[PDB]
Structure formats: C-alpha cells, structure tokens
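Peer 1: Pasting a structure here, questions to come.
Each answer follows from the model by the rule given with it, or from the source it names; these are not laboratory values. Neighbour counts run over all protein chains shown; Cβ positions are idealised from the backbone, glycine included.
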Amino acid sequence: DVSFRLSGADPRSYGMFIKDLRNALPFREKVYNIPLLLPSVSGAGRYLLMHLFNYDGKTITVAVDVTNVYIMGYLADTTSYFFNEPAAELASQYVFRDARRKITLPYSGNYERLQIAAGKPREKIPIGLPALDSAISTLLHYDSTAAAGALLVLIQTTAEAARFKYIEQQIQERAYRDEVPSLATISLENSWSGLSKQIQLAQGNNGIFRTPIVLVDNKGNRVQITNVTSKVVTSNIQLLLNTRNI
Ligand SMILES: *[C@@H]1O[C@H](CO)[C@@H](O)[C@H](O)[C@H]1NC(C)=O
Ligand SMILES: NC(=O)c1cccnc1
C-alpha cells in the first residue's frame, strides 16, 4: 500500500508520495525508459490501496487498478463506495469486503460523467493540496453531487500526477493555494491513452509517432508531439497505458 498525510504536507512530501505511488505499480518492461503498465493482473493483486489522511487525521482508503491507474472506489469508515461500471463491480469482489455496506455511486468513473454530476467541468474546479484535503473530507460522508467534485480533485492530484511529472509539479505549486488546472494539464489528461499508444508504436518506428499528438504547452500554445525526443516523452510522462487496453 501507499499512504499520504495532508497534515504537515509540503511540495517535497507530496512529490515523494507521488514517486511512491508510481513505484507501487507493477511493470515488466520500460519503453523509452518509461514503465509500461501490465496488460492484465488477475485477482486482488490488480488493486493498489492508497491510504489518504485529511489534515485532522481522518482517513479514506482508495482502490486503484494498477493496469490503468483508475480509481475504482474507496472505503470511508465502514462504508465502501464504487463507481457504477463493470471494472468497479469486479473490484468490489476483492477489496473492502469487510465494509458493512457498499454504495454504488450514481455515475461511472470517467471525466464526462463526473463533470455532469458535479455540474462543472474540470476547467472550473480548483485543485491543489487544500482541495485534496477538502476532497478527502467530503468523501468521508456520502453526498453524491459533492463527491463528484471531490473525485475530480482526487483523480487529478493522485492518478494524473502519477502519470505526468508536469501535473505533479502543478499540484506542488498549489500546495498552499488551490487553482484551476492549466490548459496544459487538461490536454495531458485528455491525451494519456493517445500518448501511451504512440510511444509504444514508436518502438518499431525509430521513436517516431505513427500519428502526432496535439497538446497545449505550459505557455498555453498548441504544440505537436511527433517523436520521443520531445520533453513530453523524455521528462514528463511517467507511466504508459498498455496498448492491449487501448
Ligand atoms: C522530434 O521532436 C523534437 C522535440 O520536440 C523536435 O525538435 C523535432 O523537430 C522532431 N522531429 C521531427 C518533427 O522530424
Ligand atoms: N476514475 C479515475 O481514476 C480516472 C478518471 C479519469 C481519468 N483518469 C482516471
């Protein structure tokens, strides 16, 4: 398992937690020195548990699918909560079985459905460590509309930060003051599968993408990624979704 405490948290401790989250995910090979997530994992070993503590020391445990870094659900005291989708249904056969009751959230765990439930797009929701503290606290007591926004914060400050060093850095910059994500952050989140695929297809094509990927950079400009010498590939992306799952 991995753990992170908001009490005493700073950019250093958050960065270390994200390193630990990345390194908790199994892989058997690297592609251009980036861990390639496994095509499949059978049984309980498919799920990583992340123990998150809010500033007051109250805790939730979050179950993450190690093949894609997707959050399946979480445990708050004696109640488990799972997204309304087959992958989370499966997860609930393996994790948090000791919970006294299970609530299936009234949405699946993708951005489209979460944004509808929250009533707002990612672009308008501040993120940062204070927002993560708030998100943990919200998830402690069931409220599905509030939970949708909290889960948008949680996903971006854990899974997306693990996937992209740039997003990790954005959250570090928001350690003590929340701010909506940059355009670049949104573009990277929206392109993780596409980038993962092209980096894998570039092996066998001399590091050249079969199909270029368009992103927004940290200055807000459109850029086209065409090959693995791009900083997006050499320093930014940290985990690759297996093409078997694309
Ligand atoms: C490969 O990517 C690098 C880094 O972004 C870029 O400078 C170079 O022009 C690209 N090569 C092409 C497009 O042939
Ligand atoms: N459910 C998730 O953890 C999730 C959702 C959207 C993108 N990445 C991860």
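Peer 1: Inspect all residues belonging to the stretch 178-187 and state whether any of them is surrounded by 15 or more Cβ atoms within 10 Å (Cβ to Cβ), more than 25 Å from residue 25 (Cα to Cα), among the acidic types (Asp, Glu) and more than 16 Å from ligand 2 (Cβ to nearest atom).
Peer 2: There is at least one residue in the stretch 178-187 that is surrounded by 15 or more Cβ atoms within 10 Å (Cβ to Cβ), more than 25 Å from residue 25 (Cα to Cα), among the acidic types (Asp, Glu) and more than 16 Å from ligand 2 (Cβ to nearest atom).
Peer 1: Moving to a separate point now. Run down 229, 234 and say which single residue is among the hydroxyl-bearing types (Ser, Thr, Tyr) and over 22 Å from the mean Cα position of the chain (by Cα).
Peer 2: Selected residue: 229, the only one of 229, 234 that is among the hydroxyl-bearing types (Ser, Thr, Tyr) and over 22 Å from the mean Cα position of the chain (by Cα).
Peer 1: If you scan the stretch 65-102, which residues turn out to be touching a residue at least 40 places away in the same chain (Cβ under 8 Å) and either among the aliphatic types (A, V, I, L, M) or under 19 Å from residue 37 (Cα atoms) (or both)?
Peer 2: Listed by number, the residues that qualify are 66, 67, 68, 69, 70, 71, 76, 91, 95.
Peer 1: In a loop (DSSP other than H, G, I, E, B) and either within 15 Å of the chain's Cα centre (by Cα) or assigned by CATH to the domain that holds residue 243 (or both): which single residue out of 61, 67 fits that description?
Peer 2: 67
Peer 1: Is there a residue in the stretch 28-39 that is closer than 24 Å to residue 129 by Cβ, within 16 Å of ligand 2 (Cβ to nearest atom) and in the same structural domain as residue 114 (by CATH)?
Peer 2: No, because not a single residue in the stretch 28-39 is closer than 24 Å to residue 129 by Cβ, within 16 Å of ligand 2 (Cβ to nearest atom) and in the same structural domain as residue 114 (by CATH).
Peer 1: Let me ask something additional. Only residues in the stretch 1-25 that are closer than 18 Å to residue 56 by Cβ count as the first member; pair them with residues that are among the charged types (D, E, K, R) and surrounded by 15 or more Cβ atoms within 10 Å (Cβ to Cβ), Cβ under 6 angstrom, at least 6 apart or cross-chain, and list the lot.
Peer 2: Qualifying pairs under 6 Å: 6/133.
Peer 1: Which residues, taken from the stretch 69-91, are within 19 Å of residue 41 (Cβ to Cβ) and surrounded by fewer than 20 Cβ atoms within 10 Å (Cβ to Cβ)?
Peer 2: If the condition is that a residue be within 19 Å of residue 41 (Cβ to Cβ) and surrounded by fewer than 20 Cβ atoms within 10 Å (Cβ to Cβ), then 70, 85, 86, 87, 89, 90 are the ones that fit.
Peer 1: Now a separate question. One residue is enough: does the stretch 7-17 have a residue meeting the conditions crowded, with 21+ Cβ neighbours inside 10 Å and out of contact with any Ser or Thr (no Cβ under 7 Å at 6 or more places or on another chain)?
Peer 2: Yes.
Peer 1: Select, from 131, 99, the only residue that is surrounded by 14 or more Cβ atoms within 10 Å (Cβ to Cβ) and farther than 30 Å from residue 217 by Cα.
Peer 2: Among 131, 99, only 99 is surrounded by 14 or more Cβ atoms within 10 Å (Cβ to Cβ) and farther than 30 Å from residue 217 by Cα.
Peer 1: Something else: Of all residues in the stretch 1-46, which are closer than 20 Å to residue 70 by Cβ and in a loop (DSSP other than H, G, I, E, B)?
Peer 2: Within the stretch 1-46, 1, 24, 25, 26, 38, 39, 40, 41, 42 qualify.
Peer 1: Looking at this structure, is residue 108 in a loop (DSSP other than H, G, I, E, B), more than 16 Å from ligand 1 (Cβ to nearest atom) and surrounded by fewer than 23 Cβ atoms within 10 Å (Cβ to Cβ)?
Peer 2: It is true that residue 108 is in a loop (DSSP other than H, G, I, E, B), more than 16 Å from ligand 1 (Cβ to nearest atom) and surrounded by fewer than 23 Cβ atoms within 10 Å (Cβ to Cβ).
Peer 1: Output yes when any residue across the stretch 81-94 is more than 18 Å from residue 4 (Cβ to Cβ), outside the structural domain of residue 246 (by CATH) and more than 20 Å from the chain's Cα centre (by Cα), and no when none is.
Peer 2: yes
Peer 1: Right, next: Take residue 44 and decide whether it is under 29 Å from residue 100 (Cβ atoms), among the hydrophobic types (A, V, I, L, M, F, W, C) and touching a strand residue (DSSP E or B) at 6+ places or on another chain (Cβ under 9 Å).
Peer 2: Judged against the criteria, residue 44 is not a match.
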